[PDB]
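Note sheet for the following structure.
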2 protein chains.
Amino acid sequence: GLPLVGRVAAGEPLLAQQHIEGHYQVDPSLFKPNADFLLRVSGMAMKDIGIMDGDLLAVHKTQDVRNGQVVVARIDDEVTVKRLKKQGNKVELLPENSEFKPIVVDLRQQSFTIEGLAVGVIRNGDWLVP
Amino acid sequence: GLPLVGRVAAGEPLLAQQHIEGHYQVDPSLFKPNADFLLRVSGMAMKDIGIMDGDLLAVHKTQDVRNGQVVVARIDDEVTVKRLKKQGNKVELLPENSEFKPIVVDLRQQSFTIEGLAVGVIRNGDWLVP
C-alpha cells in the first residue's frame, strides 16, 4: 500500500528508505487527486482545519500547486505542512492555528521545494499500541 | 471494503441499506480496535480534537465503551458523535467545541444506545468531485 513517511532527516529526500515506517492499503478512490504517500504530521500548526499532531497526511506527488492549497513544503531542509500563499519571489506558508506565525520565504535567499499536495488525512496508525 | 454510512433515517438501524453510500478498502492494521464501518460526521461539535464536519469516522462495532472515549450514540432516534461521560442513570455526551453544549440523557426517560466506538478518522470521500 501507500508508504508512511515519519520524521524526515534534514536534506534527505522524503521517500528515503530510512523514513518509511510501513505501508498501508488505502482505497485509491478515497482521495482526488490520488494519494501517493502518507506523511505523519508534526505539531498543531494546522489544528484549526482538523490536521492534528500525529495525523497521517495523504499526499499527492506533484508540484502543480496553487494559492490556498495545503501543501507539503521543504524550506532549507525543514519539511512542513502549511497553506500556500505565494507572491512573486516571496512565498508565505500560512498556519491554521493562532499560536503559530506565517513562514515567509525568499525564493532568492533560501531553498524552497513543494514536496506535494495534501489531499486527505487519516487519523490513527498509533506507534504505541500493538 | 468498509461500508460508508451517510445521514441516518430516524429510528432506522445504522447499516440499513438506504444509508450506505459506498464501500472503501481500508487497511485493517490501520486502526485498533478494528474499524467495522465509516460514518460521515455531521457538524463541528468535535472540531477541537480534529473531527470536522464531513469527516468519515472509523467506527468499531461494540457497546463496550468507557468514560472518556468518543462514541457514536443514538438518543431518541438521533445519532450523534460525542465524548462519553456516564454517571449512574445519567449519561453526558460531551462536545469538543465551545459553541456546543453537553447533551444530558436520562436512561430512565429516553432511549439511549451506543452504536460503536470511534477508532479513527478519514478525511475526504468528497461527494462533489468526480
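At a Cα cut-off below 20 Å, give the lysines reachable from A:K82, other chains included and same-chain residues fewer than 8 away excluded.
A:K32, A:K47, A:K61, A:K90, A:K101, B:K47
Rounded to whole Hz and in sequence order, give me ³J(HN,Hα) for region B:75-82 from the Karplus expression 6.51 cos²θ - 1.76 cosθ + 1.60, θ = phi - 60°, writing x for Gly and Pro.
Karplus values, whole Hz, x for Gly and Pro: 10, 6, 6, 7, 9, 9, 10, 8.
Quick one: 3J(HN,Hα) in Hz for region B:90-106, Karplus 6.51/-1.76/1.60 with θ = phi - 60°, rounded, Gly and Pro as x.
10, 10, 9, 10, 8, x, 10, 5, 4, 7, 10, 10, x, 9, 9, 10, 9
Measuring label to label, 7 Å along Cα→Cβ, what does A:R7 give against each other copy in nm, shortest first?
Once sorted, the set of distances for A:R7 reads 4.5 nm.
Which whole-Hz ³J(HN,Hα) couplings does region A:39-46 yield from phi under the Karplus relation 6.51 cos²θ - 1.76 cosθ + 1.60, θ = phi - 60°, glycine and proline marked x?
Coupling constants for region A:39-46: 9, 6, 7, 9, x, 9, 4, 10 Hz.
Please list, ordered by chain and number, the residues whose modelled amide H lies under 5 Å from the amide H of A:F31; skip anything fewer than 5 residues away on the same chain.
none
Could you tell me the center-to-center distance, by alpha carbons, between region A:1-27 and region A:46-63 in angstrom?
Using only Cα atoms, the two centres lie 14 Å from each other.
Once the label point is placed 7 Å from Cα along Cβ, list for A:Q63 the distances to the corresponding points in the other copies, in nm, shortest first.
5.7
Looking down the axis that turns A into B, which residue of A has the closest beta carbon, and how many Å out?
Here the value is A:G50, 2.
With the Cα gyration tensor of region B:1-55 giving a ≥ b ≥ c as the square roots of its eigenvalues, does the rule (a/c under 1.5 for rounded; else a/b larger than b/c for prolate; else oblate) give rounded, prolate or oblate?
Details: a/c = 2.04, a/b = 1.02, b/c = 2.00.
Oblate is the answer for region B:1-55, as a/c is 1.5 or above yet b/c matches or exceeds a/b.
Count, for each residue of A:22-31, the Cβ atoms from other chains sitting within 10 Å of its Cβ, then give me the mean as a whole number.
6
Below 8 Å, C-alpha to C-alpha, sequence gap of six or more: please give me the relative contact order for chain A in percent.
Rounded, it is 24 percent for chain A.
Where a number appears in this text, it was derived from the coordinates with a stated rule and is not lab data. Backbone-built Cβ (ideal geometry, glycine too); neighbour counts: all protein chains shown.
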